[PDB]
């Protein structure tokens, strides 16, 4: 896996942007997040059927991409892919169904993109030792699944900001709810790309409120994972820094890809990237925790490959050239 990645979500569905067959995906993407696994009544047995091709055809296309050094990852999420693991029985169905899919199509990892059904229950106050079944069970399942494949297996996640950086403000309900998940799987985690979009405002470690879609916001939000931060206003409860190579930023490929805002122009984002990666400032209000940057910052994720192709390939072309440079 490369040191500066472009990770792109791939629609297993037509939302108006059309379907792109796997072999027609721009090679500028390093990782393809196939979206999404689907769940039925039991909210725990994950299912997936390709939007085009026979099962064998789709499997072959995945093999083709892998042969070119690309990674093809199954993303768990979407409106029709809600996962609830209230007990061991549900956890086991989840594990088995996902492994079945990985076996069937040859995915080379999984992406956790669950944005509902995840809450820190009352009394669940320690991110190193979660108590909420959903959280405990997700961690267990993720570790189990990851351990079932080698020598490498890609594990990523794309929580919304409230679940991660929101932990700076509160620890309970959705606020900080992915922190125990991240911590619980940190030794298996390839990278995390928080969704820096449809997110409104975010509080940085300087206590200032920042607006999504601005260079300051991107730097402020990423810095929390790069540096670590106190949780829920508790100075003695510090969430540890991840490796810089585990930190990415998730962005919309086009303005329309995030209908509630979040899109940032590549010109502005490159300012943020130069600051994060090289410690080169741009006259922004936010001051990076590390003066000389975090050179190992892993790259960018985008929603999505399909949106990108409908927007003059702006995201893929701009950022591939930037990173290669």
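Residue numbers count along the first chain shown, from 1.
- Item | Stretch exceeding the other in mean C-alpha B-factor - 229-237, 158-166 | Per the deposited B-factors, the answer is 229-237.
- If you average the CA temperature factors over each stretch, which comes out higher, 25-33 or 63-71? Result: 63-71.
- Message: According to the Cα B-factor stored in this entry, which of the following is highest: 174, 251, 139, 89?
- Response: If I rank 174, 251, 139, 89 by C-alpha B-factor, first place goes to 89.
- Between 191, 94, 197, 178, which carries the biggest CA temperature factor in the record? Going by the entry's C-alpha B-factors, 94 comes out highest.
- Hey, what third does residue 147 fall into on Cα B-factor, ranked over its chain? Its C-alpha B-factor belongs to the highest third of this chain's values.
- Task: Determine, from the deposited record, the chain-internal third of the Cα B-factor for residue 214: lowest, middle or highest.
- Result: Bottom third by C-alpha B-factor.
- Third of the chain's Cα B-factor distribution that residue 114 belongs to, per the entry: Middle third.
- Can you tell me which third, lowest, middle or highest, the CA B-factor of residue 246 falls into for its chain? As the PDB entry reports it, the C-alpha B-factor of residue 246 lands in the lowest third of its chain.
- Task: Could you say whether, by C-alpha temperature factor, residue 43 belongs to the lowest, middle or highest third of its chain?
- Result: Top third by C-alpha B-factor.
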